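Novice: Here it is, the structure in full.
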Amino acid sequence: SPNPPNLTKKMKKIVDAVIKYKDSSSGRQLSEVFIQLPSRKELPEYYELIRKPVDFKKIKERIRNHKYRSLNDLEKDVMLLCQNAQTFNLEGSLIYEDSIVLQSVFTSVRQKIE
């Protein structure tokens with residue numbers, strides 16, 4: 001059964017803003033390494049440490065298939081993505097800090113769109 005059309009549209013717009021968000025000093029798009037995880041074959045240690053692997057490709061797929069039934073459902077997977085990054089990457093690392101910023105972008109953009 002389909003989500004209300006406005007909900008799908010809000011989810012895509014929020015995710016798009018998170019993905020295209022750029023660092024205001026370097027101009028670097030923070031989401032780049034988060035779009036698609038390396039395969040299990042490429043990075044076996046990741047899938048041993050991370051119980052629920054998720055990337056933005058998977059999140060976009062789940063929007064398209066209406067698996068998220070609310071912005072809270074979407075938020076859970078985005079927060080899971082960032083938490084996974086914070087688990088696999090060391091605190092103080094660029095990717096670690098990027099995942100923190102991506103968290104805050106989601107929260108801010110959701111509020112603006114809401």
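As shown in the structure tokens, the chain order sets the letters A, B, ...; within each chain, residues go from 1, and ligands are also counted from 1 in the order they appear.
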Would you kindly return, as a ChimeraX atom specification, each protein, DNA or RNA residue with an atom no farther than 9 Å from any atom of residue 84 (chain A), considering only C-alpha atoms and excluding same-chain residues fewer than 4 positions away?
Specialist: /A:49-54,79-80,88-89
Novice: Using only C-alpha atoms, please write the residues we just selected to a file, as a PDB file, in the first residue's frame.
Specialist:
```pdb
ATOM      1  CA  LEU A  49      31.470  -5.103  13.118  1.00  0.00           C
ATOM      2  CA  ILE A  50      28.324  -3.566  11.639  1.00  0.00           C
ATOM      3  CA  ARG A  51      25.138  -5.561  12.248  1.00  0.00           C
ATOM      4  CA  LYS A  52      22.831  -3.535  10.010  1.00  0.00           C
ATOM      5  CA  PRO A  53      24.778  -2.127   7.033  1.00  0.00           C
ATOM      6  CA  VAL A  54      23.041   0.773   5.273  1.00  0.00           C
ATOM      7  CA  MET A  79      20.664   7.816  12.091  1.00  0.00           C
ATOM      8  CA  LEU A  80      21.638   4.151  11.729  1.00  0.00           C
ATOM      9  CA  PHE A  88      33.511   1.692  12.215  1.00  0.00           C
ATOM     10  CA  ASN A  89      35.443   4.929  11.946  1.00  0.00           C
TER      11      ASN A  89
END
```
Novice: Near residue 14 (chain A), within 8 Å and counting only C-alpha atoms, which residues show up once chain neighbours fewer than 4 positions away are dropped, as a list in words?
Specialist: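 Final neighbour list, sorted by chain and number: residues 10, 18, 106, 109, 110 and 113 of chain A.
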Novice: Could the residues in this selection be written to a file with N, CA and C atoms, as a short mmCIF file (atom, residue, chain, number, x, y, z; two decimals), in the first residue's frame?
Specialist:
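result_22.cif was written with the following content:
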```cif
data_model
loop_
_atom_site.label_atom_id
_atom_site.label_comp_id
_atom_site.auth_asym_id
_atom_site.auth_seq_id
_atom_site.Cartn_x
_atom_site.Cartn_y
_atom_site.Cartn_z
N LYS A 10 8.45 14.56 0.54
CA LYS A 10 9.22 15.11 1.65
C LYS A 10 10.46 14.27 1.93
N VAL A 18 20.43 16.22 2.18
CA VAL A 18 21.49 15.60 2.96
C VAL A 18 22.64 15.16 2.04
N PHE A 106 20.08 16.36 8.31
CA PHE A 106 18.79 15.68 8.25
C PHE A 106 17.80 16.33 9.21
N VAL A 109 16.93 19.98 7.95
CA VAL A 109 16.15 19.98 6.72
C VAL A 109 14.74 19.43 6.96
N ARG A 110 14.64 18.42 7.82
CA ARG A 110 13.33 17.87 8.16
C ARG A 110 12.46 18.95 8.79
N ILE A 113 11.33 21.58 6.16
CA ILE A 113 10.34 21.02 5.26
C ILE A 113 9.04 20.75 6.01
#
```
Novice: One decimal, Å: what's the distance from CA of residue 26 (chain A) over to CA of residue 77 (chain A), could you say?
Specialist: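 If I compute the distance from CA of residue 26 (chain A) to CA of residue 77 (chain A), I get 27.4 Å.
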Novice: From the list A:13, A:102, A:111, A:83, which residue is nearest residue 32 (chain A) when using only C-alpha atoms?
Specialist: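 Ranking A:13, A:102, A:111, A:83 by distance to residue 32 (chain A), first place goes to A:102.
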Novice: Record the distance separating CA of residue 44 (chain A) and CA of residue 103 (chain A), expressed in Å with one decimal.
Specialist: 25.6 Å
Novice: Can you list every residue in region 10-109 of chain A that DSSP puts in alpha helix (DSSP H), as a PyMOL selection string?
Specialist: chain A and resi 10-20+44-49+56-64+71-88+94-109
Novice: May I have the residues within 12 Å of region 58-66 of chain A as number ranges by chain, using only C-alpha atoms and disregarding those fewer than 2 positions away in the same chain?
Specialist: A: 1-5, 7-16, 18-19, 34-37, 52-56, 68-71, 73-81
Novice: Restricting the output to N, CA and C atoms, write the selected residues as an mmCIF file, in the first residue's frame.
Specialist:
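Okay, this is what ended up in selection_27.cif:
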```cif
data_model
loop_
_atom_site.group_PDB
_atom_site.id
_atom_site.type_symbol
_atom_site.label_atom_id
_atom_site.label_comp_id
_atom_site.auth_asym_id
_atom_site.auth_seq_id
_atom_site.Cartn_x
_atom_site.Cartn_y
_atom_site.Cartn_z
ATOM 1 N N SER A 1 0.835 -1.196 0.000
ATOM 2 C CA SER A 1 0.000 0.000 0.000
ATOM 3 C C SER A 1 0.875 1.253 0.000
ATOM 4 N N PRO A 2 0.492 2.257 -0.805
ATOM 5 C CA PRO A 2 1.285 3.477 -0.989
ATOM 6 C C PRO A 2 1.233 4.489 0.154
ATOM 7 N N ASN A 3 2.342 5.199 0.325
ATOM 8 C CA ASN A 3 2.430 6.328 1.238
ATOM 9 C C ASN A 3 1.684 7.494 0.623
ATOM 10 N N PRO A 4 1.175 8.409 1.464
ATOM 11 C CA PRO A 4 0.652 9.654 0.901
ATOM 12 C C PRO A 4 1.729 10.296 0.035
ATOM 13 N N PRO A 5 1.349 10.801 -1.150
ATOM 14 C CA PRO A 5 2.307 11.328 -2.130
ATOM 15 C C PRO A 5 3.210 12.426 -1.574
ATOM 16 N N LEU A 7 4.326 12.652 1.434
ATOM 17 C CA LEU A 7 5.317 12.034 2.311
ATOM 18 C C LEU A 7 6.521 11.530 1.519
ATOM 19 N N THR A 8 6.259 10.856 0.404
ATOM 20 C CA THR A 8 7.326 10.392 -0.472
ATOM 21 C C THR A 8 8.152 11.576 -0.947
ATOM 22 N N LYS A 9 7.462 12.667 -1.254
ATOM 23 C CA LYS A 9 8.112 13.863 -1.760
ATOM 24 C C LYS A 9 8.950 14.546 -0.691
ATOM 25 N N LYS A 10 8.452 14.561 0.540
ATOM 26 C CA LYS A 10 9.220 15.106 1.648
ATOM 27 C C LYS A 10 10.464 14.265 1.930
ATOM 28 N N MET A 11 10.318 12.942 1.903
ATOM 29 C CA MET A 11 11.464 12.066 2.129
ATOM 30 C C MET A 11 12.565 12.260 1.095
ATOM 31 N N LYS A 12 12.193 12.304 -0.180
ATOM 32 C CA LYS A 12 13.175 12.459 -1.245
ATOM 33 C C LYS A 12 13.883 13.804 -1.150
ATOM 34 N N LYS A 13 13.126 14.845 -0.825
ATOM 35 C CA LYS A 13 13.677 16.190 -0.739
ATOM 36 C C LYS A 13 14.659 16.315 0.426
ATOM 37 N N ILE A 14 14.323 15.687 1.550
ATOM 38 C CA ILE A 14 15.194 15.682 2.721
ATOM 39 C C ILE A 14 16.484 14.924 2.416
ATOM 40 N N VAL A 15 16.347 13.733 1.841
ATOM 41 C CA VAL A 15 17.502 12.903 1.519
ATOM 42 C C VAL A 15 18.385 13.577 0.467
ATOM 43 N N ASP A 16 17.763 14.219 -0.517
ATOM 44 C CA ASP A 16 18.511 14.935 -1.549
ATOM 45 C C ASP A 16 19.350 16.056 -0.941
ATOM 46 N N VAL A 18 20.429 16.218 2.180
ATOM 47 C CA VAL A 18 21.492 15.599 2.956
ATOM 48 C C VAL A 18 22.636 15.163 2.044
ATOM 49 N N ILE A 19 22.287 14.545 0.922
ATOM 50 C CA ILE A 19 23.281 14.029 -0.013
ATOM 51 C C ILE A 19 24.096 15.122 -0.708
ATOM 52 N N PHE A 34 29.468 7.794 1.763
ATOM 53 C CA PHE A 34 28.299 7.190 2.402
ATOM 54 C C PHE A 34 27.263 6.667 1.403
ATOM 55 N N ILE A 35 27.430 7.017 0.130
ATOM 56 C CA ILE A 35 26.451 6.679 -0.905
ATOM 57 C C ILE A 35 26.341 5.172 -1.115
ATOM 58 N N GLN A 36 27.486 4.516 -1.254
ATOM 59 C CA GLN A 36 27.510 3.083 -1.502
ATOM 60 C C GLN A 36 28.643 2.440 -0.725
ATOM 61 N N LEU A 37 28.290 1.504 0.150
ATOM 62 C CA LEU A 37 29.276 0.775 0.934
ATOM 63 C C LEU A 37 30.121 -0.128 0.047
ATOM 64 N N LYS A 52 23.811 -3.971 10.992
ATOM 65 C CA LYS A 52 22.831 -3.535 10.010
ATOM 66 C C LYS A 52 23.431 -2.537 9.021
ATOM 67 N N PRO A 53 24.169 -3.032 8.016
ATOM 68 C CA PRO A 53 24.778 -2.127 7.033
ATOM 69 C C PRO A 53 23.731 -1.358 6.222
ATOM 70 N N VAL A 54 23.933 -0.054 6.075
ATOM 71 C CA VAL A 54 23.041 0.773 5.273
ATOM 72 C C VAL A 54 23.825 1.906 4.595
ATOM 73 N N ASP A 55 23.458 2.233 3.358
ATOM 74 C CA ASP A 55 24.007 3.407 2.684
ATOM 75 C C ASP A 55 22.870 4.222 2.059
ATOM 76 N N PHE A 56 23.200 5.358 1.450
ATOM 77 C CA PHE A 56 22.168 6.221 0.880
ATOM 78 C C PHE A 56 21.500 5.602 -0.349
ATOM 79 N N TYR A 68 9.637 2.884 4.151
ATOM 80 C CA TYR A 68 9.456 3.892 5.182
ATOM 81 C C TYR A 68 8.006 4.342 5.138
ATOM 82 N N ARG A 69 7.356 4.365 6.296
ATOM 83 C CA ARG A 69 5.947 4.728 6.365
ATOM 84 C C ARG A 69 5.756 6.101 6.998
ATOM 85 N N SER A 70 6.865 6.728 7.380
ATOM 86 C CA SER A 70 6.842 8.060 7.979
ATOM 87 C C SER A 70 8.247 8.647 7.980
ATOM 88 N N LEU A 71 8.359 9.920 8.343
ATOM 89 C CA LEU A 71 9.667 10.558 8.434
ATOM 90 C C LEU A 71 10.481 9.961 9.577
ATOM 91 N N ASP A 73 10.504 6.732 10.290
ATOM 92 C CA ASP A 73 11.106 5.533 9.708
ATOM 93 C C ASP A 73 12.365 5.886 8.928
ATOM 94 N N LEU A 74 12.269 6.931 8.115
ATOM 95 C CA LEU A 74 13.412 7.421 7.357
ATOM 96 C C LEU A 74 14.525 7.869 8.295
ATOM 97 N N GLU A 75 14.157 8.635 9.318
ATOM 98 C CA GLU A 75 15.124 9.148 10.284
ATOM 99 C C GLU A 75 15.917 8.022 10.938
ATOM 100 N N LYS A 76 15.237 6.928 11.272
ATOM 101 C CA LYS A 76 15.900 5.774 11.877
ATOM 102 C C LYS A 76 17.015 5.202 11.017
ATOM 103 N N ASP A 77 16.780 5.095 9.713
ATOM 104 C CA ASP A 77 17.794 4.546 8.835
ATOM 105 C C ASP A 77 18.945 5.520 8.601
ATOM 106 N N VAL A 78 18.644 6.814 8.561
ATOM 107 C CA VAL A 78 19.690 7.826 8.409
ATOM 108 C C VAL A 78 20.557 7.898 9.664
ATOM 109 N N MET A 79 19.924 7.824 10.834
ATOM 110 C CA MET A 79 20.664 7.816 12.091
ATOM 111 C C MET A 79 21.463 6.523 12.238
ATOM 112 N N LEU A 80 20.917 5.422 11.730
ATOM 113 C CA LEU A 80 21.638 4.151 11.729
ATOM 114 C C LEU A 80 22.886 4.240 10.847
ATOM 115 N N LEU A 81 22.743 4.867 9.682
ATOM 116 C CA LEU A 81 23.866 5.077 8.765
ATOM 117 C C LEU A 81 24.991 5.843 9.459
#
```
Novice: So, with only C-alpha atoms as the atoms that count, which of A:114, A:72, A:30, A:57 lies closest to residue 94 (chain A)?
Specialist: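 Looking only at the distances to residue 94 (chain A), the closest residue turns out to be A:30.
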